[PDB]
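In order, the protein sequences belong to chains A, B, C, D, E, F, G and H.
Residue numbers for the first sequence follow the working numbering, so the first one is 1 and each next one is one higher.
Residue numbers for the second sequence follow the working numbering, so the first one is 1001 and each next one is one higher.
Residue numbers for the third sequence follow the working numbering, so the first one is 2001 and each next one is one higher.
Residue numbers for the fourth sequence follow the working numbering, so the first one is 3001 and each next one is one higher.
Residue numbers for the fifth sequence follow the working numbering, so the first one is 4001 and each next one is one higher.
Residue numbers for the sixth sequence follow the working numbering, so the first one is 5001 and each next one is one higher.
Residue numbers for the seventh sequence follow the working numbering, so the first one is 6001 and each next one is one higher.
Residue numbers for the eighth sequence follow the working numbering, so the first one is 7001 and each next one is one higher.
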Amino acid sequence: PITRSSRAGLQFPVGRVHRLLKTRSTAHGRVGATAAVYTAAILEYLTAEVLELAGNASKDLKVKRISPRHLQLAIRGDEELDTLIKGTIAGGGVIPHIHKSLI
Amino acid sequence: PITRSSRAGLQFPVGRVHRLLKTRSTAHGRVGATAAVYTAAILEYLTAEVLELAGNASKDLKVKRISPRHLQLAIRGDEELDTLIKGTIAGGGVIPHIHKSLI
Amino acid sequence: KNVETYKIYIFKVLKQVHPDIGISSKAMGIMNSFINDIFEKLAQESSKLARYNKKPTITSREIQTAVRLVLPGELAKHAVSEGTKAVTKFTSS
Amino acid sequence: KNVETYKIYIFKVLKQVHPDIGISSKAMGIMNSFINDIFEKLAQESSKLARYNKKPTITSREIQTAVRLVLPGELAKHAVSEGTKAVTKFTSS
Amino acid sequence: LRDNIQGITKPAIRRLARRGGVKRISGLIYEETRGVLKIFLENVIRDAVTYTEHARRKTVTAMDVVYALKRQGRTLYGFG
Amino acid sequence: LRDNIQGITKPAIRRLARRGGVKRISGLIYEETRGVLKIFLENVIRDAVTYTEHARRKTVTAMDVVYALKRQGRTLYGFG
Amino acid sequence: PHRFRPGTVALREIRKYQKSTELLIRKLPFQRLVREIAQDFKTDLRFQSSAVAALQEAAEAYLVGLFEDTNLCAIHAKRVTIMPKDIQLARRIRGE
Amino acid sequence: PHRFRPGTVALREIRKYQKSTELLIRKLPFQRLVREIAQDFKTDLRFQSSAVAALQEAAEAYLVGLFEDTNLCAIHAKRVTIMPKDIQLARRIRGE
DNA sequence: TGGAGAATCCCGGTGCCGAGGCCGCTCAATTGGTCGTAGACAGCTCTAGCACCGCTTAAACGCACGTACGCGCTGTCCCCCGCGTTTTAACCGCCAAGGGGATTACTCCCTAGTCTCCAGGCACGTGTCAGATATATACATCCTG
DNA sequence: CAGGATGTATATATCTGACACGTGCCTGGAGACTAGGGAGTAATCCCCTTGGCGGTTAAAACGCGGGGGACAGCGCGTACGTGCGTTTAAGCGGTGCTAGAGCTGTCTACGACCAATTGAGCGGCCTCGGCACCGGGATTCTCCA
């Protein structure tokens, strides 16, 4: 027995996403397996993008481990992820910026 | 056959609200009739409050019919309804306010 | 097809509050949209409340808490009182 | 009781992207919360789309439309491409 | 349909500012307002066109515009 | 408990402004910030206590605070 | 000649346009602009008239709110004339 | 004496606090304030420690964002010192 | 104030079309009954939230000094405002054409539901090493000269 | 420029708790089969979209006088940054305990599901009064004096 994630080439669990979608469907709605594959693939892609940016930020700081500070730097350093992720990251701090006229 | 709205003393339809809640409940959830009565009462109370303020605004302007302008005046003239209703009323205009330093 | 709206009930409420005052069709449409919006917010909050506590049933308590969360201040107080009054009247019959 | 999370899959993705870089527990929890938020947004948008079109079944079309609505610009384009590729591979296997 | 952004004339922007309480208007305000309006319309129209395309339609309905406005926290009452 | 708003000392407000890029700070800014923080905490705590009361509990958990923050568009990551 | 002082007619228009509820932008140019903008996302799109009307109401309300915030910013800087910096500050604070 | 010019230590503090991620408000006074505020909504409430910590992070992030907007407003009015009117304008445009 | 003049409120008359009412019909609320189920309550466990005490010490505080900045005042100029004349295209009205959206019917195929099996993902426990800490130490920066 | 002090940056050993890994098990994912409801497609029509033409006034565009507002410069005095002595309360560590969160078991109140019925609600039509439009009189507001 092979998993659906292996069948679709995804690290994220297709079965768990399908079960969560079925749980979250309103008024006895139906959910296709293709929807679960799509959602798992998109979640995996977003994870890969955010982790790539965070790893680049961590490497720039000569540190071998990703911390919330690196996540904050990666998220606020990219326009698309900044627009997508408007939440507050605990322990992320702020991006160091001082206005030109303030110096 | 006495309707549930008459039983609860409400003008709004208890049965229709119950049906809407049932077809809006997620994951084969259950809805009690008491919830429908409570929701219908809430909607009726909000309708009564908004209509009372709008009728007062219309009476202040010496007209016998409520228009979207009167709805806008009533909604923005009350702090609580202003907080609750942040949507745009088509044809409602703006409340006449001129800043002090412009005169 | 038959489009279900709250126009008749809004008109009934208006004639209960202002018997001599009429209302235009555009104002009726705006008010119907407003009531639909409020119902959507209440239903969403009740669903979130039911999910958070693992309760599959949305009873009057969920609606009451959703109203305390959504409507502000004295408006929420009066709405909760009116809902409790209606629930008591429904139960007593 | 067991609390289900995404930590194992996030670790696999990290090892695919950065083989020699680890992740802290706080950062892993933040990533899990972010993924949960994205999944909730996608599910909400898909349910809204199903309600609007009177279509009770949620398919890859609904997920694609929700991704286009929620994700911004080039991120949405690349996410749609990845999802399409994954669905094609799944169907061909 | 090209460069119809100048169709939003200076008197129209002046009237919109007057409704908002503005007493005096600078020269570059018209260009700034045209750019801002173009951005806002781009966002709303993109969302509405996505909604229309999902429904396999070729006509942008007012109800899709209502949904697009609702998504961005700009609910509109009267058309839905 | 009384006058605990003064426990947010002037050095703390100065540090918060420094993290925000503020170079110079006025004297009334401390009282203004205390009032604003009190309003924000009132809103968040009211929502959190509503969530706690719904669960028939006397102890406010981090989940209630997280849900209250999410309701107001102030989503917080790092606490579940 | 009945030459008015600069500002009086401005105040009269401010009072007149605040009590009215009509649309301020001409309908046909706005419709043409909407069609031009939508041409970039999908070619050969047909627009329902109510869709263009709703877009016009939304755009006018948004611009009126933006100009209210811009006027607040202008008063903050001890000026009565709004400037592009005021609009930029207002949009930056709103998060746009 | 190594008397520094005013604003130099201010710039150094801005640089130092922006690179750190520690909480700036003392924990115990904030906990007391949270308990006092919650006393008005329900008496004899117990607080989980993680709840107070999350409240502290949320409050500090909100205040930092508000002060960023306040600094924007102060720079707009050709000043370097933030004033209560700047905070009021920022909260007005934010819709608070 | 005063007067001359424009803008606006009010007042009226007439129209006009939209709101309120009436009627056919429709389909969903109501009532009755059954059957499962879940949430209200009671009970036990054991976890952590609260309270207290002692000590340390780092930060808050009050004060004194100094100087940079916010603000008021003045002058310059340039650039929007108000008004008049030309033009131009928006809008109303009407008419043609067609295309695509809404509806209905058929089909078929794709998913929920149920059962069985097993493996992988989550609590619990353990080792070891990357970064926070402490100390030493170099160096680019601020200030006063 | 240029030296003196400096806070920050750089280097290194400690360790220490936090991350990666190993194991039981149990619960959820996978495979198979059935029923059936929803998605896909096609035909139809009708009205709702786009396009076009005439007119023509009301609005946009362009000139031009000009006065008021934006902005720069200067003085100034007042409030805030900086540093020091000091103490005040936060933080750490430990302890003591009880309220209350969390899991488990019953079971009865309660809600889902189906069938029949009928009356409330929705679509279509008609009318007349409230509101909108056109014109005039009276009232109010403004520039120039």
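Virtual Cβ for every residue (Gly too), placed ideally from N, Cα, C.
Could you please give the first and the last residue of the uninterrupted alpha helix (DSSP H) stretch that includes residue i?
i	result
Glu-6013(G)	6008-6019
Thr-1039(B)	1033-1060
residue 975(B)	Any answer about residue 975(B) is impossible in this case: the structure gives chain B only from 1001 up to 1103.
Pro-5011(F)	5010-5019
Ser-101(A)	Run containing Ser-101(A): none; DSSP gives neither H nor E here.
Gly-5035(F)	5029-5054
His-6076(G)	6049-6076
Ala-2050(C)	2025-2052
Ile-6037(G)	6027-6039
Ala-2066(C)	2060-2070
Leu-5069(F)	5062-5071
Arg-6003(G)	Segment: none, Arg-6003(G) is in no alpha helix (DSSP H) and carries neither H nor E.
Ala-1074(B)	1068-1076
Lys-2089(C)	2073-2091
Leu-2014(C)	2007-2017
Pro-13(A)	Premise fails: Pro-13(A) is in no alpha helix (DSSP H) and is neither H nor E.
For residue i, go through chain E and note every residue whose CB falls closer than 8 Å to its CB, in chain order.
i	result
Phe-2090(C)	What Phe-2090(C) touches in chain E: nothing, since even the nearest Cβ is about 31 Å away.
Assign residue i to buried or exposed, taking buried as 16 or more other Cβ atoms, counted over all protein chains shown, within 10 Å of its Cβ.
i	result
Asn-3002(D)	exposed
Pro-13(A)	buried
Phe-2034(C)	buried
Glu-1049(B)	buried
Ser-1058(B)	buried
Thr-26(A)	buried
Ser-1005(B)	buried
What does residue i reach in chain F if we use C-beta pairs closer than 7 Å?
i	result
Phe-3039(D)	What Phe-3039(D) touches in chain F: nothing, since even the nearest Cβ is about 14 Å away.
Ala-7058(H)	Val-5044, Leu-5069, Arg-5074 and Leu-5076
Name the chain A residues that come within less than 9 Å of residue i, Cβ to Cβ?
i	result
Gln-7018(H)	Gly-93, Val-94, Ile-95, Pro-96, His-97 and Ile-98
In chain A, which residues lie with their C-beta within 8 Å of the C-beta of residue i?
i	result
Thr-5075(F)	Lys-86, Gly-87 and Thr-88
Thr-1083(B)	In chain order: nothing, as chain A lies at least about 22 Å away.
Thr-7021(H)	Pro-68, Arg-69, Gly-91, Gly-92 and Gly-93
Using a cut-off of 9 Å between C-beta atoms, extract the partners of residue i located in chain F.
i	result
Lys-7027(H)	What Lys-7027(H) touches in chain F: nothing, since even the nearest Cβ is about 11 Å away.
Which chain D residues sit within Cβ distance under 8 Å of residue i?
i	result
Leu-61(A)	Chain D residues near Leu-61(A): none, gap ~12 Å exceeds 8 Å.
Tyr-4030(E)	Simply none; closest approach about 28 Å.
Go through its chain and collect everything with a Cβ distance to residue i's Cβ below 8 Å, but skip five positions before and after it.
i	result
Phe-6030(G)	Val-6052, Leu-6055, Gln-6056 and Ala-6059
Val-2080(C)	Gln-2064, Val-2067 and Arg-2068
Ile-4029(E)	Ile-4013 and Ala-4017
Who are the Cβ neighbours of residue i in its own chain at under 7 Å, not counting the five residues just before and after it?
i	result
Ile-3030(D)	none
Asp-2037(C)	none
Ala-4062(E)	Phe-4079
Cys-6073(G)	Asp-6086, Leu-6089 and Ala-6090
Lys-3007(D)	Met-3028 and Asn-3032
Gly-93(A)	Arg-69 and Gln-72
Whose Cβ in chain F lies nearer than 8 Å to the Cβ of residue i?
i	result
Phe-3034(D)	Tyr-5077
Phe-7047(H)	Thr-5059 and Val-5060
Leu-102(A)	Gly-5021 and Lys-5023
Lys-3026(D)	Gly-5078
Identify which residue in the options has its Cα closest to the Cα of residue i.
i	options	result
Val-5022(F)	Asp-7086(H), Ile-7093(H), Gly-7095(H) and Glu-7096(H)	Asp-7086(H)
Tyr-6062(G)	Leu-4076(E), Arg-4057(E) and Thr-4061(E)	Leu-4076(E)
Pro-1096(B)	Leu-1073(B), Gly-1087(B) and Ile-1085(B)	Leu-1073(B)
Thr-1047(B)	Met-2028(C), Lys-2054(C) and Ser-2046(C)	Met-2028(C)
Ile-4005(E)	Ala-6038(G), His-6076(G), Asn-6071(G) and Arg-6032(G)	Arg-6032(G)
List, in order along the chain, the chain A residues whose C-beta lies closer than 7 Å to that of residue i?
i	result
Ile-7014(H)	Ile-98
Along chain D, in chain order, which residues have C-beta atoms closer than 9 Å to that of residue i?
i	result
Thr-4050(E)	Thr-3065, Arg-3068 and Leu-3069
Run down chain G in chain order and give the residues with a C-beta less than 9 Å from the C-beta of residue i.
i	result
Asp-7069(H)	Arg-6092 and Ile-6093
Which residues in chain E sit within 7 Å of residue i, going by Cβ to Cβ distance?
i	result
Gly-2073(C)	In chain order: nothing, as chain E lies at least about 21 Å away.
Identify the contact partners of residue i in chain H, using a Cβ-Cβ distance below 9 Å as the criterion.
i	result
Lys-5070(F)	Near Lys-5070(F) there are no residues of chain H at all, since even the closest Cβ is about 11 Å away, more than 9 Å.
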